[PDB]
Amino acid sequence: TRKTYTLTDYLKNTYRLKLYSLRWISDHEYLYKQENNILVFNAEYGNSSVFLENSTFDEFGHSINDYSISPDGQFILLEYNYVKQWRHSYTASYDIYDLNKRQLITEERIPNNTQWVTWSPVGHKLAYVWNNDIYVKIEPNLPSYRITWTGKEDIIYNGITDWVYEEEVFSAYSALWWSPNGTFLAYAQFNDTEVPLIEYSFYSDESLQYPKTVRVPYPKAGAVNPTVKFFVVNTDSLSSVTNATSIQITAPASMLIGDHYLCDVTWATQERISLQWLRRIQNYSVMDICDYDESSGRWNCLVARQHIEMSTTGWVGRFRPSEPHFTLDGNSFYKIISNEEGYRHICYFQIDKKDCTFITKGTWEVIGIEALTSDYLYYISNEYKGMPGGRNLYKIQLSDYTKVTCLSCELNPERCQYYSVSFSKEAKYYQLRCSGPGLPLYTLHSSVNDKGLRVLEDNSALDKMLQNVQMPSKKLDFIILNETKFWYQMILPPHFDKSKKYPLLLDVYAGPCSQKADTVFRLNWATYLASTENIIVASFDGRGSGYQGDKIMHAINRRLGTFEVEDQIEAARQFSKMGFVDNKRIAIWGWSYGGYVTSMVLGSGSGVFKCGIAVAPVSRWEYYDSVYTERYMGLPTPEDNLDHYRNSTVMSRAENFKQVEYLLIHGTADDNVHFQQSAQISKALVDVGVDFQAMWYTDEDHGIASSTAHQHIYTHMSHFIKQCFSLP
């Protein structure tokens, strides 16, 4: 009798997915790490050489966290002393190694505690941020040029984002953008002077006698937001003038009338940059397209080139307005936008014409534009088989939009329904990454004839291992509610018997534009629960969920904590109707937005769920950050949406928790969903005399991701679910 997939299997990673992470360094070569060597591969033929021997930095004296080769291949940037900050931010030390001289550079070193560093896109210039100011090095061994003097910790951020811009706008710490050949350096400056601070304790190692108070500028909903300015400096002038001028590009008048955000920066040509701005009320966005004026040294944005993007039903974009993809001449661009039927499709714009032309259409959506050549646009969508949870690569002929080829659909239709892609520098080659429903499969292809060159990684090692394991299966299907298809997945125990009644765990996220029903292969907690504990683990994408049109996505506009919550309850009712679910043993759990929905469900009075677990939940929208929250909720003012902000809190449902078993879990150093949010849930439950289970994680953040804390939380939750389901 084959073993099952156990909790220790999951926690110890005994069954490991192999990846194939390559780095394109040109149109036909990529870098690959094998046995701590860096190998260079020829894409066409598959032959390789040692780029950098594993032993090169044995006497470096530091463990190297990561590396970055300069575009011209002359230098390598070595990252060490890595210290994580938020989701994307960190600080580190850096050395530069001269590849031709086979020597480490010892003069004019990048300082310690550097916040961000990037090569220019061509050559070997560097820009870096240190103590919140921008510096540029033209040559790796030569003195830096200081670009800004206003940097001030927690106050003025030059070339890097503050907390909210990092998390909600740019999904990145970096706020600088080199022009295509590296002449210009564009950057944003954030001013957080009047932004309130979140403060929480950090306990550190037990040696620390007094806890530290962490203080972060963080605008909660309706609070004072950071302000932003945008600048461009000519780096080619740096060695000729004592103090090169950063030229400001100001937001349009339609943005300056009130609070606003900078939400996109994309260079079009060597002398043309596009910027998108978003009103604090996030249903109106403006793109400016700005040209360098050689005679004046200024940047001018013609109103004839300004593009408006607005929504009447919701916010703009999935999580932000989409990025433009410019044709080589910079005179036109492609952008994903919601069409008249509410489906996101590719629109083609001339820079000085306001009406665009849709080049794709249908009741499905484009997920991303991946590459653009003179003859073809390459994009990912969920068109194939009308499955919103599948992903395939397509190629559209620019001279003939009727000519659309699916590049991945039929490669291995049984094994592979969810692709992402990695193109070489001028799209001569592409790596396809299949992530399910079978084992991930990595392959290489030539763009010239769309032929498969070779399999890079097929996970045959893991396949072999898993043959000895009673693995669960996955069902992906839909139910019809109010004449609309809503998709669900079930992780089903091995030897699933439809004539039996199984306990069911509803695994919930359900945030706006979320997707929890898909074709991705996962080895996770659900695998164990199904394989070992014979629990069905289900997920459902109801109103508010993504990739299915605006009618579904915008259904929760200004009304978080309503339809997406009800639809999870209704999903559980529907799963009972299916006949293989023990109605006495239905649980629900979720993390983050999923913790909020879980708590709302457990507090609803539905009687459907026996028990549930919320991990790091939102409990009240006024506690969460402005950019994310206001996107869906508008402002917490009597004139806008305060009534709904107050009506959608977990705390107001406290009395209903008498009907359920609840486990509430939060990390004490969560900078994102503050521990405050669960502190207020627990206090409300205490106040109405409701017993529940609790667990804090000392010094853990929103990920609760440290090795020991990760193992501890899943161990704790497993005991809780098993007790609830009367499982020995």
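Heads up, when I say rigid core I mean the largest set of C-alphas that superpose within 1.5 Å between the two forms. Residue numbers run from 1 along the displayed sequence.
- With 233-241 and 642-650 as candidates, the stretch whose CA atoms show the greater average offset from this form in 4 other deposited structures of this protein after a core fit is 233-241.
- Farther on average from this form in 4 other deposited structures of this protein lies stretch 242-250, the comparison being between 242-250 and 467-475 by RMS Cα distance after core superposition.
- Higher average CA B factor: 52-60, of the stretches 665-673 and 52-60.
- Taking the PDB entry as given, 98-106 carries the higher mean Cα B factor of the two stretches 507-515 and 98-106.
- Considering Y401, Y210, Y379, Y145 together, the PDB entry gives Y401 the largest C-alpha B factor.
- Out of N392, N449, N468, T235, the entry records its largest CA B-factor for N468.
- For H445, the recorded CA B-factor ranks within the lowest third of the chain. Only modelled residues enter the ranking.
- The deposited CA B-factor of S21 belongs to the highest third of values across its chain.
- Ranked by Cα temperature factor within the chain, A694 sits in the lowest third according to the deposited record.
- Placement of the Cα temperature factor of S338 within the chain: highest third of the modelled residues, per the deposited record.
- Among all modelled residues in this chain, the alpha-carbon of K33 has a temperature factor (C-alpha) in the highest third.
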